[PDB]
């Protein structure tokens, strides 16, 4: 993924547990080479999965727990490290924001030309709920989606309950989530 994603993971861990723990985690991941991540440069996905795996071992937490945290962090981190206006342009409510999400990533992708963004389709089951279809070229990041949805809830002061109802992981064509809000 682009290095911004890894820089975020680093930031989150550095801020929550310290530079020593980040160093250990980098080292365990077999990335001591890399002095720093370049935000606008493409890295092999490997780098991200390894960091997450290594972060799991060192912190003694499951990978999935970290991806949930990281999902929520990213909402804050993007608003502060140069994507605040772009974020705000995507709307001022959760369902609006999610409807716009492919369009946000399209805009991101003019600037990051090699982006393989996820794809998100909403079916609104009412004014307070929806089905969210998450399609990705990558495996394993549904728990990140969950955290991202909870970060979006914080951003719009909406309470969101999210439950995953289909799993790419088992062989289903793609992750699907039921979501209830305010």
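Numbering follows the first chain given and starts at 1.
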Problem - Residue stretch of maximal mean CA temperature factor, 108-116 vs 81-89 - result: 108-116
Exercise for the section: State which stretch shows the higher mean Cα B factor in the entry: 118-126 or 144-152. Expected result: 118-126
Problem - Highest-ranked of 45, 33, 41, 65 once sorted by CA temperature factor in the record - result: 33
Exercise for the section: Tell me, lowest, middle or highest third: where does the Cα B factor of residue 58 rank within its chain? Expected result: highest
Practice task
Using the B-factors in the PDB entry, rank residue 12's C-alpha atom against the chain and give the third, lowest, middle or highest.
Solution key: lowest
Exercise for the section: Just say lowest, middle or highest third for the CA B-factor of residue 137 relative to the other modelled residues in its chain. Expected result: lowest
Handout entry: Within-chain third of residue 173 by Cα B-factor, per the entry
Key = lowest
